[PDB]
Structure formats: structure tokens, C-alpha cells
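So the structure is just underneath, and the comments pick up after that.
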Amino acid sequence: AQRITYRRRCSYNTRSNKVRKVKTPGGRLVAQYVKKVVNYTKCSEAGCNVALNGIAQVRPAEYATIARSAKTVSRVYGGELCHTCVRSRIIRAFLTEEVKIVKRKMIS
Amino acid sequence: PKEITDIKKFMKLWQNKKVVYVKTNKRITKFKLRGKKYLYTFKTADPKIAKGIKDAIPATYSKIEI
Amino acid sequence: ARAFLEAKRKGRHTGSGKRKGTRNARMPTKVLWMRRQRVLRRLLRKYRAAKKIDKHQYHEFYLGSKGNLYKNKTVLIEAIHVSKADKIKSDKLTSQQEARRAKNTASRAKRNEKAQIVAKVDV
Amino acid sequence: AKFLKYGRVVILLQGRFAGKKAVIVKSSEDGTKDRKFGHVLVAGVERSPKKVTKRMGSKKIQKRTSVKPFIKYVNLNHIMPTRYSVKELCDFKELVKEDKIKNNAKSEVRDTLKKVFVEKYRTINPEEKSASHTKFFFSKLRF
RNA sequence: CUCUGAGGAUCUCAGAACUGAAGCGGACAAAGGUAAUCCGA
RNA sequence: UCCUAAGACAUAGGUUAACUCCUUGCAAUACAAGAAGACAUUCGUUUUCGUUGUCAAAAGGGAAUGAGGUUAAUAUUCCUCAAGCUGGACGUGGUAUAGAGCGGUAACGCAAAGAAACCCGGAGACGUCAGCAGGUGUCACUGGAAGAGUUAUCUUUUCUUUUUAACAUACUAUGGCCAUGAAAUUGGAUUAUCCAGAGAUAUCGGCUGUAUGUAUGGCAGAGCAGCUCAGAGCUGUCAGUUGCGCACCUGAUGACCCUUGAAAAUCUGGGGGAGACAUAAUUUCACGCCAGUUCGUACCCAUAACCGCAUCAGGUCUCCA
Ligand SMILES: [Mg+2]
Ligand SMILES: [Mg+2]
Ligand SMILES: [Mg+2]
Ligand SMILES: [Mg+2]
Ligand SMILES: [Mg+2]
Ligand SMILES: [Mg+2]
Ligand SMILES: [Mg+2]
Ligand SMILES: [Mg+2]
Ligand SMILES: [Mg+2]
Ligand SMILES: [Mg+2]
Ligand SMILES: [Mg+2]
Ligand SMILES: [Mg+2]
Ligand SMILES: [Mg+2]
Ligand SMILES: [Mg+2]
Ligand SMILES: [Mg+2]
Ligand SMILES: [Mg+2]
Ligand SMILES: [Mg+2]
Ligand SMILES: [Mg+2]
Ligand SMILES: [Mg+2]
Ligand SMILES: [Mg+2]
Ligand SMILES: [Mg+2]
Ligand SMILES: [Zn+2]
């Protein structure tokens with residue numbers, strides 16, 4: 001049974017301090033420091049809270065390292081909104097202007 | 001370390017201080033290019049691709065065998 | 001260690017005098033249940049996929065196993081054979097009608113039990 | 001009750017083209033062996049003409065006017081059927097070629113339309129009931 | 001200790017028989033009860 | 001070291017004989033306090049936007065590294081080998097445009113595909129408990145090979161080794177979406193809940209998200225185990241199975257509150273299209289060139305390196321089993 005040693009001078013077990021046991025070519029079982037998981041990207045509209053598709057879930061840093069693709073999608077709000085919200089936006093805007101004009105002609 | 005399946009890209013890389021490292025294993029052979037940020041390996045099974053690639057070693061690149 | 005596991009597998013060393021923990025402690029009920037449920041549902045799925053059962057039968061049987069009506073997988077099987085054999089229409093019956101249905105079902109059963117015998121002889 | 005007609009302006013809802021305006025060239029109730037669902041063939045403004053000042057210059061005012069059209073097939077369900085209609089702006093039956101579309105000629109139709117639209121837009125006649133609509137066709141929608 | 005049956009996939013449970021200085025949670029581990037009275041819930 | 005917290009202190013203003021004292025992030029009991037750009041490139045000129053500070057975390061947030069080897073004493077630091085990150089600056093190829101990629105009905109896709117003010121986002125960014133599922137490590141078992149223990153008797157025996165780092169490419173992964181079609185003899189589904197005409201189930205359907213997964217590269221050349229030779233040499237490191245087992249991590253849930261569980265720096269996306277530009281202009285593609293400063297890294301962390309007048313039966317916060 002192999003036992004491990006923290007490698008960092010932080011002996012306290014903290015979400016940021018997690019460790020994983022790796023088996024080396026040497027035959028050693030070594031602590032390797034595991035990173036933290038992050039929350040998936042959600043659509044930004046009010047009360048929506050939908051998981052966006054086609055965007056990478058990545059720790060904030062690695063976001064500078066990835067390809068344009070993972071940072072984005074091809075819609076009108078590709079990154080910020082989901083389709084449903086896009087759609088409802090379109091529709092709402094169009095119909096609202098229609099009612100606007102109608103009120104305009106009814107005023108003139 | 002990257003590995004290459006298609007000889008073409010490999011040959012574009014060794015055509016691009018250049019030395020080539022070839023090493024023998026029982027069932028396979030490997031050809032190895034050193035480049036700034038990557039070590040390129042190329043494996044083949046059959047002797048044909050083998051000899052053909054040994055042929056492919058240019059005057060610019062020197063061949064080391066382990 | 002191995003020799004003991006041997007005898008334990010032959011069943012020589014398990015007894016009441018050898019048991020320190022609760023029945024529930026050794027193996028928790030919940031596991032036994034999950035295992036049974038999972039078995040029953042895997043079965044109902046094989047059957048509903050093979051057309052042997054229909055969505056109504058599936059549902060009724062699913063809620064059947066949810067209700068601990070079937071101890072065995074063998075028993076769920078027997079009761080599926082029953083839903084198939086008995087017409088699933090058991091509603092609005094006069095006792096004359098149910099007597100008749102009973103005897104029709106008994107006849108069927110006997111019949112097929114007979115065939116299931118004869119086919120093993122010739123093979 | 002049905003309005004699918006050649007010349008009706010519709011908005012695309014979801015798609016890379018979502019949010020854009022376009023006109024119905026053709027409508028296939030149930031579609032081809034190729035597209036087995038209800039769809040419409042459409043020609044629309046991909047990039048709209050940018051705003052033009054009364055203070056700009058010649059080259060400015062001309063460049064500003066550039067339009068980039070697109071021709072797309074869209075499931076009717078992805079469409080918002082605008083009540084605005086422009087039938088006469090061009091002959092789309094003529095310029096939209098089933099051939100050219102399937103034939104790897106896409107860019108050709110592109111050019112043709114670019115030409116047509118750009119021409120029409122500066123040529124917009126202010127008294128045309130056709131024009132009140134035309135403007136809206138080249139209009140930019142706000143989400 | 002010697003057998004028997006039941007629960008599952010592409011380890012639990014129950015029966016019977018035989019055998020010992022009637023012993024067998026054999027170490028380890030591991031509540032003594034009951035009925036009243038007074039306080040404080 | 002940077003960031004913010006509970007907090008704290010200047011500055012400004014006021015109080016005191018005076019010392020001292022009172023306010024300040026939701027920043028002021030204050031307030032003619034700032035930042036940026038460009039040309040200039042000093043000033044100056046000029047333009048734009050603007051109310052005003054700092055310190056407090058060696059368990060919180062937090063750009064990127066690993067395996068092997070080495071010393072008498074250091075090593076994720078040195079050596080060897082293999083990687084990544086940020087900031088520079090051009091070189092060579094390549095994307096895009098006479099305005100600014102292409103494909104799919106759609107989810108979405110693809111080395112790359114123009115831009116300022118301005119306004120909004122995402123991640124960072126989070127409680128406790130309960131059970132379910134998966135992965136890693138460990139433990140167990142199976143055939144093969146090398147070594148070792150036992151051998152009066154028995155034992156095709158008993159033990160041992162049988163390893164794979166970060167990182168690269170491709171695939172799979174508990175969820176969510178998109179079509180097509182709509183469900184009553186209602187169905188679907190979990191251990192548990194729970195979902196559906198506000199579109200369930202279902203299709204040789206499709207898209208997408210997470211590996212402590214698989215394959216190959218790394219890589220065997222290393223490590224490990226044996227056997228020789230007199231520092232060199234040779235051989236093998238192979239192929240399977242299962243677990244309500246255990247520790248950790250992840251995934252999808254559930255329960256709970258007169259409790260409801262930080263913030264900032266940092267990385268990134270969207271809406272907008274004022275400007276810039278023909279020998280031109282601008283662009284999250286490849287491959288190449290340059291740099292990474294300062295301080296801490298020994299050793300004890302306790303029935304003898306700490307505090308208990310001590311080499312004291314006391315006391316003193318964690319991880320691996
Ligand atoms: Mg390097
Ligand atoms: Mg238990
Ligand atoms: Mg018994
Ligand atoms: Mg007896
Ligand atoms: Mg006793
Ligand atoms: Mg007593
Ligand atoms: Mg009390
Ligand atoms: Mg504060
Ligand atoms: Mg204060
Ligand atoms: Mg770091
Ligand atoms: Mg180094
Ligand atoms: Mg760089
Ligand atoms: Mg929570
Ligand atoms: Mg073995
Ligand atoms: Mg799926
Ligand atoms: Mg070797
Ligand atoms: Mg488990
Ligand atoms: Mg613990
Ligand atoms: Mg909450
Ligand atoms: Mg934009
Ligand atoms: Mg002491
Ligand atoms: Zn949304």
C-alpha cells in the first residue's frame with residue numbers, strides 16, 4: 001500500500017488544494033495536483049437559465065488558449081443567448097413595432 | 001510530442017539544425033524529427049514503408065540510429 | 001483466507017452463531033430492492049421492445065413491480081403469461097361469463113401444457 | 001387563408017441568418033425527397049445598407065449603400081411571416097435558379113442580386129406603396 | 001460437518017441429516033431489572 | 001508578491017490647552033483632487049471620458065510542468081528528456097474585402113473570416129445532509145514468464161516483480177438541445193422523486209457539453225525483475241476477470257431553512273458600427289526569433305528540535321493509508 005505526500009506546503013484540504021493519485025513509469029504513486037471544475041455557460045436572459053450548446057466549458061484562463069469556435073456560436077447573439085430567447089426576441093420586436101405603427105396611423 | 005499517420009505531412013516537416021532519429025522495435029519502426037516546440041514520431045509496420053523512408057533521408061538531415 | 005472463502009462458498013461457516021451484524025447491517029434491504037427493481041425493469045424493457053407486451057401492459061406491470069407484487073422475476077414472467085392468456089378485458093362480468101372464461105382459460109392452459117410435452121419427445 | 005405567396009417578406013427566426021429579412025421565391029408545402037419537411041426558398045438581405053447622412057460625400061454615400069444578399073432554404077417554422085410584401089422589386093422567379101443553386105453557381109446568383117438590390121435601393125421611389133415596404137425590406141431589425 | 005432448495009449476470013435467505021463432557025456472540029467486543037416519590041419540561 | 005473579506009489607516013474636514021479623538025467602499029462630516037488617446041511625442045498642442053487613497057488571506061480567489069536521474073547534505077528548482085504560459089518583435093507561408101468568410105431546414109459545424117467609443121454578459125462564484133451512477137487509486141482473483149520460501153510426508157505449491165508523467169491528435173462519457181411526428185384503453189421513468197398537447201413516447205434520425213476513460217504519440221531508450229562477462233552484455237516485462245469492498249473525484253438527483261449559504265483581480269463573449277485604408281488598411285491560422293526580475297526553499301513539527309524553568313506521562317492545526 002503506497003502512501004502520498006502533499007507537494008505544496010499546503011497540508012489543509014481545500015477545494016483549491018485537491019490532489020489526485022497518479023501512477024508513474026517509475027512505479028511510484030505520486031500526488032498530482034488536480035484542477036477545479038467550472039460551471040457550464042448559461043444563457044443570460046432573465047429567468048431563462050439554459051445551458052448553452054456548442055460552447056466549451058473551460059476554466060477561465062484556458063479561454064484565451066482555445067479556438068474561436070469554442071468561444072462562440074453563429075447566431076445573432078451567439079455567445080450570450082440561446083435559440084429560444086433569440087427567436088422570442090425577434091418575434092417580439094417585429095410585432096411591437098407593428099403595434100407601434102398602427103398606433104401612429106390611428107393618431108394621424 | 002506529436003505523431004504522424006500520413007507520410008506526406010511528415011515529409012513536409014523534414015523538407016521544411018536538422019537531425020533525424022530512427023529506432024527499431026521488434027514489430028515496428030519509428031522516425032523522429034526534432035523541432036522547436038514538438039518531437040515528431042512516425043511509426044510504420046511493414047518493411048516497405050520502412051526502406052522507402054530510409055531512402056527519403058535527405059543530405060540536409062543526418063540519420064541517427066539507436 | 002482462500003480456504004475460508006472456499007468453505008463459506010460451500011456454506012459450512014455461515015451460521016447464526018457466526019453472525020455479529022444485523023441482517024440489514026450485513027446486506028441493507030435497499031440494495032436488495034434496487035437490484036430486484038432493476039431486474040424487473042430490464043425485463044419489462046426487453047419485452048416491450050420485442051412487441052410481446054404493449055404500452056398498457058408495460059405500464060401496468062411497471063407499476064406492478066413498483067408495488068412489490070412480484071418477488072421473483074419468475075413470478076412477473078408468470079403473470080405476463082397470464083395477462084397474455086386471460087383476455088385483458090376482465091371488466092363488467094356476470095358470474096356465468098366468468099365461469100365460462102375460467103373454463104376457457106383452463107382448457108387453453110391444459111392444451112399448451114400438452115403440446116409443450118409432446119415437442120420434447122420427438123427432439 | 002393561406003399566404004405563402006411569391007413576394008411576401010418574412011423574417012428568419014433561428015439560423016445563422018436568424019434575425020434577417022427575406023422574400024419568398026418559392027414554397028414547397030411538403031418538400032423534396034431532399035428536404036422532407038415544409039420549407040420555403042428565400043432571397044434576403046444578409047447585410048443591410050448602412051445609414052446614409054445628408055452630409056456625406058459621393059464615395060461615402062455609394063459605399064454606404066452596399067448590400068449583401070443571401071439565398072437560403074428555410075423551414076417555414078423558422079420563419080416569421082411579415083405582412084409587408086414586395087413583388088415587383090425584381091423577378092426572383094427569374095434570378096433564383098434551382099440550377100444555379102444546386103449547380104455550385106451560388107456566388108453567381110449572389111452577384112446578380114447584389115446588383116439588383118443596390119440598384120433598386122438608391123432608386124427607391126418615395127410615392128410607391130411598393131416602396132414603403134421596400135424600405136422595410138432593407139430595414140434593420142432590433143432585438 | 002454432509003447434503004437440499006430459493007433470490008441474480010452475458011453475494012444474500014431458508015430446509016434436512018450426522019457428530020461432540022449440552023459446549024459453540026468460546027478471545028475480542030457487549031444494557032442488569034422492576035415499582036414508587038422530588039425536582040427541571 | 002496581485003485580488004478582494006471581516007476589518008484598518010491616510011488625505012480632506014471637524015474636535016482638543018495639547019496629546020488625543022471623530023468620519024471615509026454602499027467610499028466620506030470630504031470634493032477645483034481623476035484616467036486615456038493621439039499626434040507632440042517634451043513641453044506644448046490637441047482630443048476624449050471623468051468627483052476623490054491605501055493596507056489587511058503562505059487554508060479564501062489566483063496565467064502555465066511533468067516523468068526519470070543525481071548529493072554526504074538541495075531539488076515539481078540542479079542533470080537528461082519531454083510540455084505548457086505570459087509579454088516582446090519581426091520573418092515565411094496562408095485566411096478573409098472594392099466591404100468584410102463558407103456549410104446545415106435546425107440545433108450547430110470548420111487551422112484563420114475588418115474596427116473605436118459605449119452598454120450589457122459568462123466563467124471566476126460558493127450551504128448542510130441523504131441515496132444513486134461512473135472514474136482514479138487500492139484490494140481480490142485468472143492463464144503465461146523470471147526469481148525466492150517449503151519439500152521426511154503433503155502441496156501442477158507459497159510469496160515477489162509484470163510500471164507508464166505532464167503534454168499532442170481522434171473517439172466514447174449519467175445532462176441539455178434540434179428536427180419529424182403527436183400521446184386517453186394515458187404514457188414515459190428513477191433506488192427515490194419526477195416529466196408531457198407549455199408537444200410525452202418513438203424514429204437506419206441529428207447537435208452539443210464534462211475524463212482522474214480508450215487508442216497512438218511520450219515510450220523504452222526510461223523504470224522494474226532476472227542471468228552473464230572482465231565498465232560492456234543478454235532475457236522478460238505478456239493476456240484476462242469480478243466486487244453494494246475501501247479512500248478520493250466527478251455526474252444526475254433528492255431533502256432542508258423566521259439560516260438560505262463573499263467579494264475583487266483575472267480570462268473571455270455579446271449588442272453597437274464612430275473611424276481607418278490602393279500598393280492600401282485591419283484580422284482570436286499555422287511555423288520560426290527574444291525574454292521571464294525580487295524573497296522564501298536546510299532540518300524538527302514532538303513520550304528529545306514548539307509551549308509547559310527540562311531530553312517534563314500535559315498541551316499544540318492538517319494529508320496519505
Ligand atoms: Mg520548449
Ligand atoms: Mg454495510
Ligand atoms: Mg437449518
Ligand atoms: Mg446437537
Ligand atoms: Mg458464553
Ligand atoms: Mg440500580
Ligand atoms: Mg435538565
Ligand atoms: Mg471593507
Ligand atoms: Mg472605517
Ligand atoms: Mg497557479
Ligand atoms: Mg525546467
Ligand atoms: Mg506568443
Ligand atoms: Mg447547491
Ligand atoms: Mg499469476
Ligand atoms: Mg445522449
Ligand atoms: Mg530495457
Ligand atoms: Mg460506488
Ligand atoms: Mg476525509
Ligand atoms: Mg441559493
Ligand atoms: Mg459583434
Ligand atoms: Mg511531552
Ligand atoms: Zn435563453
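To be explicit about the labels: the chains of the C-alpha cells are called A, B, and onward in the order shown, and within each one the residues are counted from 1, while ligands get numbers from 1 in the order they are shown.
Look at residue 42 of chain B: the protein and nucleic acid residues within 9 Å of it, using only C-alpha atoms (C1' of nucleotides) and passing over chain neighbours fewer than 3 places away, are residues 2, 3, 4, 5, 6, 7, 10, 29, 30, 31, 32 and 33 of chain B; 217 of chain F.
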| request: Mind checking which residues fall within 7 Å of segment 82-97 of chain F, counting only C-alpha atoms (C1' of nucleotides), ignoring those fewer than 5 positions away in the same chain, and posting them as a VMD selection string? | output: chain F and resid 63 to 65 112 to 113 166 to 167 218 285 290
| field | One-decimal distance in Å that lies between atom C1' of residue 14 of chain E and atom CA of residue 6 of chain C | value |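 Pair atom CA of residue 6 of chain C / atom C1' of residue 14 of chain E returns 20.7 Å.
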| field | Site check for ligand 18: residues at most 9 Å away, only C-alpha atoms (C1' of nucleotides) and all ligand atoms, as a PyMOL selection string | value | (chain A and resi 13) or (chain F and resi 247-248)
Would you write out those residues with N, CA and C atoms (P, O5', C5', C4', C3', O3' and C1' of nucleotides), as a PDB file, in the first residue's frame?
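Here's the written file result.pdb:
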ATOM      1  N   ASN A  13      -6.961  20.549   3.471  1.00  0.00           N
ATOM      2  CA  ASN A  13      -7.712  20.058   2.341  1.00  0.00           C
ATOM      3  C   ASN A  13      -8.800  21.056   1.964  1.00  0.00           C
TER       4      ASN A  13
ATOM      5  P     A F 247     -14.668   4.523   2.730  1.00  0.00           P
ATOM      6  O5'   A F 247     -13.484   5.397   2.150  1.00  0.00           O
ATOM      7  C5'   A F 247     -12.415   5.800   2.975  1.00  0.00           C
ATOM      8  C4'   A F 247     -11.401   6.575   2.191  1.00  0.00           C
ATOM      9  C3'   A F 247     -11.956   7.684   1.316  1.00  0.00           C
ATOM     10  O3'   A F 247     -12.177   8.878   2.033  1.00  0.00           O
ATOM     11  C1'   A F 247     -10.494   6.358   0.049  1.00  0.00           C
ATOM     12  P     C F 248     -13.252   9.924   1.508  1.00  0.00           P
ATOM     13  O5'   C F 248     -12.598  10.439   0.164  1.00  0.00           O
ATOM     14  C5'   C F 248     -11.473  11.300   0.192  1.00  0.00           C
ATOM     15  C4'   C F 248     -10.952  11.572  -1.193  1.00  0.00           C
ATOM     16  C3'   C F 248     -11.919  12.245  -2.145  1.00  0.00           C
ATOM     17  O3'   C F 248     -11.943  13.645  -1.981  1.00  0.00           O
ATOM     18  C1'   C F 248     -10.914  10.402  -3.210  1.00  0.00           C
TER      19        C F 248
END
Would you list the residues that come within 10 Å of ligand 15? Count only C-alpha atoms (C1' of nucleotides) and all ligand atoms and give the answer as a PDB file with C-alpha atoms (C1' of nucleotides), in the first residue's frame.
ATOM      1  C1'   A F 173     -18.992   9.717 -21.186  1.00  0.00           C
ATOM      2  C1'   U F 174     -25.135   9.999 -16.172  1.00  0.00           C
ATOM      3  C1'   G F 175     -27.283  16.196 -18.950  1.00  0.00           C
ATOM      4  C1'   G F 176     -29.322  19.599 -22.357  1.00  0.00           C
ATOM      5  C1'   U F 208     -23.955  19.618 -28.179  1.00  0.00           C
TER       6        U F 208
END
| So which residues of segment 18-133 of chain D fall under alpha helix (DSSP H) by DSSP, listed as a PyMOL selection string? | chain D and resi 58-63+92-95+98-102+106-122+129-133
Output C-alpha atoms for every residue in the selection just made, as a PDB file, in the first residue's frame.
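Full text of part-v4.pdb as output:
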ATOM      1  CA  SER D  58     -20.187  60.782 -53.113  1.00  0.00           C
ATOM      2  CA  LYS D  59     -17.954  57.792 -52.442  1.00  0.00           C
ATOM      3  CA  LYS D  60     -19.208  57.634 -48.855  1.00  0.00           C
ATOM      4  CA  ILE D  61     -22.871  57.604 -49.886  1.00  0.00           C
ATOM      5  CA  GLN D  62     -22.243  54.966 -52.551  1.00  0.00           C
ATOM      6  CA  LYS D  63     -20.130  52.621 -50.402  1.00  0.00           C
ATOM      7  CA  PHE D  92     -36.998  36.307 -58.370  1.00  0.00           C
ATOM      8  CA  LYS D  93     -38.558  33.528 -60.370  1.00  0.00           C
ATOM      9  CA  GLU D  94     -36.004  34.669 -62.925  1.00  0.00           C
ATOM     10  CA  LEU D  95     -32.922  35.341 -60.804  1.00  0.00           C
ATOM     11  CA  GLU D  98     -32.861  25.962 -58.983  1.00  0.00           C
ATOM     12  CA  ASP D  99     -29.966  25.027 -61.267  1.00  0.00           C
ATOM     13  CA  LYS D 100     -27.556  27.706 -60.099  1.00  0.00           C
ATOM     14  CA  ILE D 101     -28.320  26.857 -56.504  1.00  0.00           C
ATOM     15  CA  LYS D 102     -27.728  23.110 -56.899  1.00  0.00           C
ATOM     16  CA  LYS D 106     -24.384  30.144 -55.675  1.00  0.00           C
ATOM     17  CA  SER D 107     -21.981  33.102 -55.977  1.00  0.00           C
ATOM     18  CA  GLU D 108     -23.416  33.978 -59.389  1.00  0.00           C
ATOM     19  CA  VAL D 109     -26.913  34.456 -58.042  1.00  0.00           C
ATOM     20  CA  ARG D 110     -25.270  36.355 -55.234  1.00  0.00           C
ATOM     21  CA  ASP D 111     -23.742  38.821 -57.668  1.00  0.00           C
ATOM     22  CA  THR D 112     -26.941  39.168 -59.674  1.00  0.00           C
ATOM     23  CA  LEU D 113     -28.946  40.056 -56.599  1.00  0.00           C
ATOM     24  CA  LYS D 114     -26.306  42.382 -55.174  1.00  0.00           C
ATOM     25  CA  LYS D 115     -26.539  44.269 -58.435  1.00  0.00           C
ATOM     26  CA  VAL D 116     -30.338  44.307 -58.446  1.00  0.00           C
ATOM     27  CA  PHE D 117     -30.831  45.382 -54.842  1.00  0.00           C
ATOM     28  CA  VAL D 118     -28.132  48.029 -54.797  1.00  0.00           C
ATOM     29  CA  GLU D 119     -29.682  49.457 -57.941  1.00  0.00           C
ATOM     30  CA  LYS D 120     -33.228  49.435 -56.544  1.00  0.00           C
ATOM     31  CA  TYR D 121     -32.342  50.915 -53.159  1.00  0.00           C
ATOM     32  CA  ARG D 122     -30.941  54.210 -54.382  1.00  0.00           C
ATOM     33  CA  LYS D 129     -46.810  51.856 -51.954  1.00  0.00           C
ATOM     34  CA  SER D 130     -44.325  49.248 -53.101  1.00  0.00           C
ATOM     35  CA  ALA D 131     -41.610  51.413 -51.611  1.00  0.00           C
ATOM     36  CA  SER D 132     -42.911  51.893 -48.075  1.00  0.00           C
ATOM     37  CA  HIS D 133     -42.352  48.150 -47.998  1.00  0.00           C
TER      38      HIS D 133
END
